[PDB]
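Listed next as C-alpha cells is one chain, alone, in the form deposited in one PDB entry.
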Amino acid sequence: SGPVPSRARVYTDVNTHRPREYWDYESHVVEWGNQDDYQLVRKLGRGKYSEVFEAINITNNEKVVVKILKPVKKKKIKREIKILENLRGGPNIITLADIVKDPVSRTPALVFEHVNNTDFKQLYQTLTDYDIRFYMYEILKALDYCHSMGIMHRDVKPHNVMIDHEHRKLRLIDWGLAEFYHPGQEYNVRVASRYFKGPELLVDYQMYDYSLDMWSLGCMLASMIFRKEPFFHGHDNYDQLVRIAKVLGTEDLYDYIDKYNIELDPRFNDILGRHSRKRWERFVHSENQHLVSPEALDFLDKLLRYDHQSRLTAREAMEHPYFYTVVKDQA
C-alpha cells in the first residue's frame, strides 16, 4: 500500500479560506516597472537560477539589489513574484521593490531592498550567545509570518539570511523555492541545499508542510552553537540521511518510516546500518561551550525530529526558554 497522508498541524487551511487569486500563481499577471530606472553598479553573486548585482535606482538615488533570472518556467517566476507580493511588509521578509524586463533579451529581473550584509563565513565566528538567540528569534518572526500566510520557504540556510549587524537588521531572502501549502498536496522533494534537507525529503515523503523549514532552522542553529559547518555533512542525498541517523539514531528513523508507511529506497538498506541516538554533549568543546547551554540543547532537540508533525512550530519555538531574555529586551 501507499504512504499514510499528512496535514500541517497549524495554518492547515489558510489558502483554502483565501480567494483563488492569492495562491493560484499560474494565472498571476506580472506588473512591470521601467528597466531604465536602474543602472547596475557591480556583481554581488550568483546561483543556479540567477546572477545578482548591486544597482542604483536613478529616480531616487537609492541602492538596490537586482536579481537577473537565468531561463526558468514563467510559472516559477510568477510563483516567486506572487509569494513576495503576498508577504510584503511582513516581519524580516525581504521587500520586492520592482520587477523589470530587458526589452531586447526579454530577460526578467527582480529588484530588492538592499541589506548591508556581513558574509556569514566572517560574521558567525564573532556572534555571541545573545546574538545567536537574537537573530534566531528574528528568523522565527519571518517563518511564523510566512507560515501564517500559507507559504513554506523551503530553502532556509545561512546564504538566504541577510544580516546588517551594525543595525541588528535581519531579512530572510531568495523566495525562489517557496511554495503555497495546500492540504493533501504532494510536493517536489528535490528542494533545499543538501545539508539542510529534512528527512521527509531524503526518504521521498512528498506530503510535507511548513515543518520542513523548522528542520532547516535546526541545522542552522546546530552549525552556529557548535561552530561546525555544515552540521550534517553528507557526501550525497543518501549519505545525508546516514549523517543524520548517526546523530538522531536509526530507531526513531525506522519508527518514522513505519508510521507513514514510507517505501524506503533499496539503496538505503545497506548504508543506514544501526546507530544509537547520540547526546548533544559530544559536539561541545572549549571553543564553542560559551554558545552552548541546556536551553540551547533543549530547543535544538525539539527542532531536529524525523517526524515532521512532532517538530516545534515557529510560534512554539518563539515561546521556548532559549528566547526569554530576547523577548524581555524587546518589551
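Only residues modelled in both forms are compared. Basically, rigid core = biggest C-alpha set you can superpose within 1.5 Å across the two forms. So that there is no doubt, residue numbering starts at 1 and follows the sequence shown.
Another form exists, deposited with a partner chain bound; not displayed. Remarks below refer to it.
| query | Pick from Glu251, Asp129, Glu186, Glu113: which has a non-hydrogen atom within 4.5 Å of the partner chain in the deposited bound form? | reply | Comparing distances to the partner chain in the deposited bound form, the residue within 4.5 Å is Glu186.
| Non-hydrogen atom contact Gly176 with the partner chain in the deposited bound form at 4.5 angstroms | Answer yes; at least one heavy atom of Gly176 falls within 4.5 Å of the partner chain in the deposited bound form.
| query | Going by a heavy atom distance of 4.5 Å, is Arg171 a contact of the partner chain in the deposited bound form? | reply | Contact with the partner chain, no.
| message | I'd like to know if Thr118 sits close to the partner chain in the deposited bound form, meaning any non-hydrogen atom pair within 4.5 angstroms. | response | Heavy-atom contact with the partner chain at 4.5 Å: absent for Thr118.
| Close approach of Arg274 to the partner chain in the deposited bound form, 4.5 Å, heavy atom | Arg274 lies outside the contact set for the partner chain.
| query | Within 4.5 Å of the partner chain in the deposited bound form, do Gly2, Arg79 and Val191 each have at least one heavy atom? | reply | Affirmative, all three are within 4.5 Å.
| request: Please determine, with the chain shown alone, which of 163 to 171, 140 to 148, 214 to 222, 194 to 202 has non-hydrogen atoms within 4.5 Å of the partner chain in the deposited bound form. | output: Only one stretch passes the 4.5 Å heavy-atom test: 194 to 202.
| Residue among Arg267, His290, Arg279, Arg274 with C-alpha shift of 2 Å or more between this form and the one not shown, core superposed | C-alpha shift of at least 2 Å: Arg267.
| request: After the core superposition, state the residue ranges of at least 3 consecutive residues in which each CA shifts by 2 Å or more between this form and the one not shown. | output: Once the cores are aligned, run 265 to 267 is the only one whose C-alphas move by at least 2 Å.
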